[PDB]
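# Reading the structure
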Protein chains: 4
Amino acid sequence: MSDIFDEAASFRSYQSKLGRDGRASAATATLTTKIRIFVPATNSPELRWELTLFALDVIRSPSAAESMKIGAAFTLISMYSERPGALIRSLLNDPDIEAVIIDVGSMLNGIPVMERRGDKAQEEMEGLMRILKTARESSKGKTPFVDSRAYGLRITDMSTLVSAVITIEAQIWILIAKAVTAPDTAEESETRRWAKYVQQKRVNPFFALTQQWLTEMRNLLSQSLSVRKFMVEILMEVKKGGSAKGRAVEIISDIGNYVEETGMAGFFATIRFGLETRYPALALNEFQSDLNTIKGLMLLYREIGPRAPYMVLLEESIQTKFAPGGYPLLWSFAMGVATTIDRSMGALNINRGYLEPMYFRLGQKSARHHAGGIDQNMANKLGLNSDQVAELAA
Amino acid sequence: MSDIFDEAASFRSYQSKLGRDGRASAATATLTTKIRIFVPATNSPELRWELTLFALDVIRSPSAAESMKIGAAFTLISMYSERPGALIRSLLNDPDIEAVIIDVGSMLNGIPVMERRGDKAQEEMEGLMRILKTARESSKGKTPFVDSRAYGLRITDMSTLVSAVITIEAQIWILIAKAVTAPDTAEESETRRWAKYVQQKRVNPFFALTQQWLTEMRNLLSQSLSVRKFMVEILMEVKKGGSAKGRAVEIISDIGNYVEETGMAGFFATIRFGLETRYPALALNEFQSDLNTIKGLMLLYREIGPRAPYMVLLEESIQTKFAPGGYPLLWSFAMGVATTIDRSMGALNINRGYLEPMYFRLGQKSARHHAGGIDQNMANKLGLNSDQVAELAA
Amino acid sequence: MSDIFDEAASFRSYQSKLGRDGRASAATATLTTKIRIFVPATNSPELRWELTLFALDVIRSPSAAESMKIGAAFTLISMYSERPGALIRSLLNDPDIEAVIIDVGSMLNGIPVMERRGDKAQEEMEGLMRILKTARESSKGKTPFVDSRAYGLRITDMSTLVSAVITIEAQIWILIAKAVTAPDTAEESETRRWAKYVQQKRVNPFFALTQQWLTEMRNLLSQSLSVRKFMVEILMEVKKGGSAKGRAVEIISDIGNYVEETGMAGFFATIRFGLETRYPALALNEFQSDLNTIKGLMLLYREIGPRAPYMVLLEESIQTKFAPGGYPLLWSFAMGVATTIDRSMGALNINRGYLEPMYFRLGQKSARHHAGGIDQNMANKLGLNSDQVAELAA
Amino acid sequence: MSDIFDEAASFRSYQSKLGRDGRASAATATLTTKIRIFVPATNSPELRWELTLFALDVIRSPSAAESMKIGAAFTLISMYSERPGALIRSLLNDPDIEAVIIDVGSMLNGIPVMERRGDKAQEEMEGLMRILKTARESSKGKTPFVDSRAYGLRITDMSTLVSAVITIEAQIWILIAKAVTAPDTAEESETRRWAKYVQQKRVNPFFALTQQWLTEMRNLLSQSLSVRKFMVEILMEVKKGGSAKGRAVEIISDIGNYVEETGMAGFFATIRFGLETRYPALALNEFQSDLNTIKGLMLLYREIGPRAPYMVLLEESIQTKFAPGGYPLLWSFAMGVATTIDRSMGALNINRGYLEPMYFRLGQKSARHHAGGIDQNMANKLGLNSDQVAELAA
RNA sequence: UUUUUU
RNA sequence: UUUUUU
RNA sequence: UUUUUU
RNA sequence: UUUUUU
RNA sequence: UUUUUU
RNA sequence: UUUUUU
């Protein structure tokens, strides 16, 4: 009767937020891994330049352990800040890892431990020398930068160090946009971002890393989750306005503008196209369940919080519920109308197992052959029937 | 049902202002660069004239470091004020740089440090002499001014110094309008502004810098963000009325009238043409999402504050969300009707990847062949059907 | 009549807080002096030990400039903190001086500048070498510590460094109690404090500086006001409870317990003895004005704020109004009863020009020969007349 | 007039809580020392017995570093708990030190590191062997226990291990009562406590450590503040009732009953004797200031919190204000009446510099020759005048 | 600063 | 201005 | 700490 | 930017 | 990202 | 799970 079909809606709403309530216990505590991070102790430009060169070499090194690579990545990311240790310690929310901040102090060819020399330090020094030697020998004499003069470059001016560091941060931060979604199909959007930032003169093109180093760093970023979590935390903190933003922070926020809502193109495309742009072909007895699921998904997305856009980057378990597969019909309709309407829509790889070609064809027809689609008109267009006819005439 | 398609609007509104709340921490502090600024200590016209000649030479100098160029630019901009040091210190909001104000004191061919002569001063003196020599030799004997007599000119009268300084400030401030949007396509609007100010007799044409110096200064301004931030802060402070405005301040505000809303022509054109000038072809099921996005953008623009018009100049990350690409359909419609209606509209370079030629054609037709477009008439024009027919007859 | 003698009280109350209202302008800005502070960049014990040895040598050095001595003192005081630069920058309220924090980085015999070596650094290195040589030659081969082995001691363990640093901070902080009140008559209370802290095992007596170095440091502390202001700010910050206190902080607070209310023994003795311990000889027509002045002084002291106890250390101008001389009669009475009652009271040098021997004799008599002094008894001692007689019998 | 002498009370009350308000900053952060703690990983009795034997040897060792001694003490104290690591981590509030909990795992003659054997482990093994050898050689073949058979004793039963561990904890916890007050004058009250616990059969006398080991451990406890802080935290946590108490916890609480209010005998004796036991000789114009100070001290003690009784153990700076010296007159009176009344009172060493023999004699007379001291009688003893006379007749 | 008993 | 004890 | 009666 | 009348 | 006029 | 544009 009347009561049923509403009890169903309440049941689905309750099932969506079924057990996602309360607070968990500390028993489910992940084992922690020690990660050694080399941060610059002082503000001298030469020390910071040598440190970032060392971090580039370590990241490029093939014999480097994963923990050393994560340490080098953390050193690189926090290089712009005047207090990298404070930035790392105050913007770390990774239960998987524990970070031991190490102030570099002075600067040799590698790093001088300067803590009980001879006792448990010489082995670390030889290890760092081996890492550097393997990094330099692995490449065919090619420096990490696309320009050989950028590697063996002496930096003593603060402005030059700042420019080079900003360029390195920009080139690193380009990769996060398509690091886990489709790392193989990258180097096109990344090149577009690099060209955009070069044309804006925000980055000096002299310090441009080669594509081999970029591929290695992207592979490291995709393999590791702690680096992604740290960078997402940095993005969230920068997104919060209120204070003055520096050049590095502004570049990071501009990149995060592209980073947001990555890996969830299906859901947002479904929203924008199938749900909005109201077409008379919506209520047809095969889209009502999908509409209810979509509404529940919007409520869940609002409930998640500030980490919702970067759900794929943090690899949230909630992301699976957002993926198409629970609403294949409306999703297929929406991507059909998207591919017919948006030219850019159509390069997306959507050869899934629930394509529903009938509904894709229905959406394709609904986009063009359906009708002009005159929605409720606040202004009284009494004589616009001929206008609608002319618009549909194309 | 009824509830859906409104939950969507609330979801998009919440997603727009998703994480832009709260206050950030001091951990994300950009590394600061020392910038040396030479300000005139006294009000003697000869000292100020020599100082601005030195600043012109330093800016024109090719061997000058970037920090020295920024110092010379800051010296030039604050030259009009009777207390340049106070103006710089009370109108600086650049976290990227720290300014060390240096009172010039006396005036030699370069600048006399007059602080422990011999100790850490002789090297600076030789450096300044090298800068001046390189600046003079780099040009083919051409002075920065278009008139050779304007360079080696003795100034002892306050009025002549004021006139020359005002001319230099005007010619510098013309460049900010098209410094980052399209610096290459400049020298047309800049020449138009210069002709306008010459015809108004606000600037004395004798102190007219050559186009080579203007190109060098524009390149420096585009490369550097601190100078842009300082000049935008000056524009914002001058825009606030209430006090008496001097000739320099009035010229600066008149230039800022053109400076405002630069680099965002797409968004404002979309507003003015597609949104306003209500055409019966608006509600057609492919513009509703764009309308919602545009409304959210207006709310965001109102929320930003007084820095909203100069978003491109400060290179805000929020500017990316305002750029066309998130609403290509309504944007294309609006630029179509603009190019058909506004003659000046059409010189804009809009060969983007989301042009949507079908909607551009639809807007072109909507501008002329659609209808006369009679909106709600407060006055009862019962007999104006023939008037509308005659108006449409063209 | 009745109205008069109350208008007088209101007049004196208004005269006390006559012009101490409103906010001052920035025109009265003291000229600032640059002070170079060498802080340890890292946490390595050897670097910190070498740095504090260098600071001890600089303080002991006779050829050192005053600014260098203040820098060495600031380096010494903030040595215990893990972030000396942050502690100095967040606890500095000295308009007289500006502090340029310098991270030491590495550690040579002196300090390596490690910033454009050769350019404006070699002269500083030779200056530091001259400072060290003069410091070592000035003494008759005597190390700053009372033990010659404590100077040329290698420190690699964190615990030993912490113990030595705590001892040095304690021995430095003993001097502030009697640095400006009576520096010449010191070395008795200072020795008592040192013995107290040795018996408590809070300080290791091996790192005990000689008395010559202590005298030099006390002279430097008395000469300089910025060091006193910084140490008073540290005392005020430590006094505020709420957080966990370390060994250094606990020692500093324990010393500040003695530091408080220094240099104002006359006023507080007058309060405690003349005002409290109510004697029938108070209201005698020569103490009413002094009572009114004392009440006004209490109101002023409450109004001053948290800096009231350390008024002599900061050399407040308000301290002059608190000194005896505006109420010599009641002050003389109070010191008379104090010298008769308190055995320790009597070592105070009070041979002032307003001693009023008649009132001193009156107080001496009031202490003993006056009466037993039975105040209002809450418990009804109906039979205690004989008890009072026996008590007065002595 | 009437207003004065109350403004004085308000002034003293405000001066007592002068600057003890607000929250301190993190700039005043003490440097932290790494402390290595060896905790038993499993519950096997043999492993725990070997671990506590090793800790006893390390504490007795003269060549052991202070950090190793603190680690051994922490291992000993938390030995009773089934999860020593959790107990240490959840009951540590020492900003001076950082604790790195180390699970022992297996058990060799010393401790097997069992973490990358050969790499940075062999040196630690040789160090532990040297520590054990020096500990065994330093003594004249004397085991830490008073019985030679208790050292080389095999423990495989859980009950025997529990009994031995409880005995060791008891003998360690006896020392805290007089570790910092008068460690030299100990071994009398400690022997009395040991005899009390032996007569109660709570501790098995077979595991009785020799007096040399007890003296060494007491010296270590007096030297170190972190161990005292940890043990005081344990005492505070145990004092909070509500849960079931084990034998070790009950013994610890019984010992803490004696531990409480240590090192503050002067203040509490002054309270109990001078303030309570109301004598007609109180209000005599030389005790009113002391009464006000005592009231302020009671308010401060109530305001301090649960850490108030163990103020001397934590070496609070607030303890100095509680010590006699700010109220020598009432203190002398109270100790006089105490020495006349309480037989145990009189062994206290009170040969201070502010004894005031006149007031001590006055208190001695007030105790006996003053009067019977009949206070307000709720029951109407109309005929008890002869009873009071007989009571005074003695 | 502290030196009792409990 | 200041010269004790704590 | 405790040493009665009940 | 401005180019009338008043 | 941006390329008009004002 | 993901593969557009921005």
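About the thresholds
- Residues numbered from 1 in each chain as written, not as in the entry; some residues may be left out.
- Chains lettered and ligands numbered in written order.
- Part of a larger assembly, values for the part shown.
- Heavy atoms only, no water.
- Residues with missing side-chain atoms left out of burial classes, pairs and counts.
- UniProt positions renumbered as here; feature names shortened; annotations may be inferred.
- Helix = DSSP H or I, 4+ residues; strand = E, 2+ residues; numbered from the N terminus.
- Near = heavy atom within 4 Å.
- Polar contact = N/O pair within 3.5 Å; in protein donor to acceptor, adjacent residues only side chain to side chain.
- Axes fitted to C-alpha atoms, helices over the stretch in contact; angles between N-to-C directions.
- Parallel < 35°, antiparallel > 145°, perpendicular 65-115°, else oblique.
- Left-handed = near helix turned anticlockwise from the far one by under 90°.
- Contact = heavy atoms within 4.5 Å.
- Nonpolar A, V, L, I, M, F, W, Y, C, P; charged D, E, K, R; others polar.
- Buried < 20%, exposed > 50% of the residue type's maximum accessible area, 1.4 Å probe, protein only.
- Pairing = 2+ DSSP bridges.
- Patch = residues over 30% accessible without salt bridge, like charges linked within 9 Å, V, L, I, M, F, W, Y side chains within 5 Å.
- Areas by Shrake-Rupley, 256 points an atom, 1.4 Å probe, with all protein chains shown as cover.
- Salt bridge = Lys/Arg side-chain N within 4 Å of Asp/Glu carboxyl O.
- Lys, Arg positive; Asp, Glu negative; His and termini not counted.
- Charge placed at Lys NZ, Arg CZ, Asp CG, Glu CD.
- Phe/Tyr/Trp six-rings, centres within 6.5 Å; stacked < 30°, edge-to-face > 60°.
- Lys NZ or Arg CZ within 6 Å of the ring centre and 35° of its normal.
- Expected span 1.5 Å × (residues − 1).
- Arc of directions from axis to C-beta.

cryo-EM is the method the PDB entry states for this structure, with the resolution given as 3.485 Å.

As recorded in the PDB entry, chain A goes by Nucleocapsid and comes from Hendra henipavirus. The title given to this PDB entry is "CryoEM structure of the Hendra henipavirus nucleocapsid sauronoid assembly monomer". Under the UniProt heading Sequence similarities (unreviewed entry), the note attached to chain A is "Belongs to the paramyxoviruses nucleocapsid family."

Time to look at the overall build of chain A. Secondary structure assignment for chain A yields 17 helices and two strands. Based on the C-alpha atoms only, the size of chain A along its principal axes is roughly 85 × 55 × 40 Å.

Residue and element names in this part refer to chain B. The local shell around RNA strand H consists of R193, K196, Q199, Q200 and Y258. Of all RNA strand H atoms lying within 4 Å of any protein atom, the proportion belonging to sugar or phosphate reaches 21%. One of the side-chain nitrogen or oxygen atoms of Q199 is found 3.2 Å away from a base nitrogen of RNA strand H. The element that contributes the greatest number of residues to the surface near RNA strand H is helix α7 (residues 189-199), accounting for three residues.

Next up on the list: the packing of helix α11 (residues 265-275) of chain B against helix α12 (residues 288-304) of chain B. Residues and elements named next belong to chain B. In the contact formed by α11 and α12, the axes pass within 12 Å of each other and the chain directions differ by 125°. In terms of orientation, α11 and α12 fall into the oblique class. The way α11 lies across α12 gives a crossing that is left-handed. Residue-level contacts link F267, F268, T270, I271 and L275 of α11 to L291, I294, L297, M298 and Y301 of α12. By residue class, the composition of the contact of α11 with α12 is nine nonpolar, one polar and no charged.

Tracing the chain through its elements places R20 of chain D in the loop between α1 (7-16) and β1 (33-39). Other than its neighbours up to four places away in sequence, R20 of chain D contacts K239 of chain C together with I318 of chain D.

Each side of the interface is counted separately: chain B has 60 residues, and chain A has 61 residues. Residue assignment for the side of chain B that touches chain A shows that the elements contributing at least two residues are α1 (7-16), α8 (211-223), α9 (226-239), α12, α14 (318-322) and α16 (357-368) of chain B. Among the elements that take part in the side of chain B that touches chain A, α1 of chain B stands out by supplying seven residues, more than any other. Of the residues that constitute the side of chain B that touches chain A, the class distribution is 23 nonpolar, 23 polar and 14 charged.

All names here are of chain B. Of all seven residues making up strand β1 (residues 33-39), five are buried, and the element is well covered by its neighbours. Note that β1 and strand β2 (residues 97-103) share seven bridges and pair parallel. In the sheet register, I35 faces β2, and the bridge partner there is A99.

This part covers the protein's contact with RNA strand G. Residue and element names in this part refer to chain D. Around RNA strand G sit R193, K196, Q199, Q200 and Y258, and those are all the residues in its vicinity. Counting only atoms of RNA strand G within 4 Å of the protein, the fraction found in sugar and phosphate groups is 21%. In this structure, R193 approaches RNA strand G through a side-chain N or O atom, which is 3.3 Å from a phosphate oxygen. Note that a base oxygen of RNA strand G is positioned 3.2 Å from one of the side-chain N or O atoms of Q200. Residues belonging to the surface near RNA strand G are distributed by class as follows: one nonpolar, two polar and two charged.

On the surface, a cluster of positive charge is made up of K34, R36 and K120 of chain A together with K34, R36 and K120 of chain D. Those elements that place two or more of their residues in the positive patch are β1 (33-39) of chain A together with β1 of chain D. Here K120 of chain A lies in the loop between β2 (97-103) and α5 (122-138). According to the relative accessible area criterion, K120 of chain A is partly exposed, its value standing at 34%.

Let us now look at the packing of aromatic side chains. We describe a pair of aromatic rings using the distance from one ring centre to the other and the angle between the two ring planes. Per the stated rule, a full pass over the model turns up 56 aromatic pairs over all chains. Here the aromatic rings of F267 of chain B and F322 of chain B are separated by 5.1 Å at their centres, their planes lie at 85°, and the arrangement is edge-to-face. You can see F267 of chain B sitting in helix α11 and its partner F322 of chain B sitting in helix α14, a full 55 residues away along the chain. The burial state of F267 of chain B is the same as that of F322 of chain B; both residues are buried. For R302 of chain A, the ring lying beneath its charged end belongs to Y14 of chain B, and the centroid distance is 5.3 Å.

This structure, assessed with the given rule, holds 58 salt bridges over all chains. A salt bridge links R278 of chain B to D375 of chain B, with the shortest nitrogen-to-oxygen separation between them at 2.3 Å. Of this pair, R278 of chain B sits in the loop between α11 and α12 while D375 of chain B sits in the loop between α16 and α17 (385-393); the two residues are 97 residues apart in sequence, bridging distant segments of the chain. Overall, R278 of chain B belongs to the exposed group, its relative accessible area being 57%. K133 of chain D is the salt-bridge partner of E137 of chain D, the closest N and O atoms lying 2.5 Å from each other. Linking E137 of chain D with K133 of chain D, this pair stays in helix α5 (residues 122-138), spanning four residues, or about one helical turn. On the basis of relative accessibility, which here comes to 48%, the residue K133 of chain D falls in the partly exposed class.

All right, on to the packing of helix α3 (residues 66-77) of chain C against helix α8 (residues 211-223) of chain C then. Residues and elements named next belong to chain C. For the pair α3 and α8, interaxial distance at closest approach is 11 Å and the crossing angle is 110°. In terms of orientation, α3 lies roughly perpendicular with respect to α8. Residues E66, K69, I70, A73 and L76 of α3 pack against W213, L220 and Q223 of α8. Looking at the contact of α3 with α8, its residues break down into five nonpolar, one polar and two charged.

Our next topic: the side chain of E315 of chain B. Inspection of the secondary structure assignment puts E315 of chain B in the loop between α13 (311-314) and α14. Here the side chain of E315 of chain B touches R202 of chain A through a polar contact of 3.3 Å, side chain to side chain. Among residues more than four places away in sequence, those in contact with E315 of chain B are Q200, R202 and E250 of chain A together with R228 of chain B.

Quick look at helix α6 (residues 158-174) of chain B now. Residues and elements named next belong to chain B. For α6, built from 17 residues, the straight-helix expectation of 24 Å at 1.5 Å per residue is met to within 8% by its first-to-last C-alpha distance of 24 Å. The buried fraction of α6 amounts to twelve of the 17 residues, a majority that puts the element mostly inside the structure. Listing the buried residues of α6 in full gives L161, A164, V165, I166, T167, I168, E169, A170, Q171, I172, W173 and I174. In this structure, the buried side of α6 is in contact with α2 (45-60), α3 (66-77), α7, α8, α9 and α10 (247-259).

All names here are of chain B. One can find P62 in the loop between α2 and α3. Separated by 316 residues in sequence, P62 and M378 have C-alpha atoms that sit 65 Å apart. Apart from residues lying up to four places away in sequence, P62 is in contact with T134, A135 and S138.

So, on to α5 of chain A. What sets the pattern is the α-helix's 3.6 residues per turn: residues three or four places apart point alike. Residue and element names in this part refer to chain A. In a regular helix each residue adds 1.5 Å, so 17 residues correspond to 24 Å; α5 covers 24 Å between its end C-alpha atoms and thus fits that length. Those residues of α5 lying buried are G127, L128, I131, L132 and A135. One side of α5 holds all its buried residues, which, seen down the axis, span an arc of 135°. Turned more than 90 degrees from where α5 packs its buried face, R130 and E137 sit exposed.

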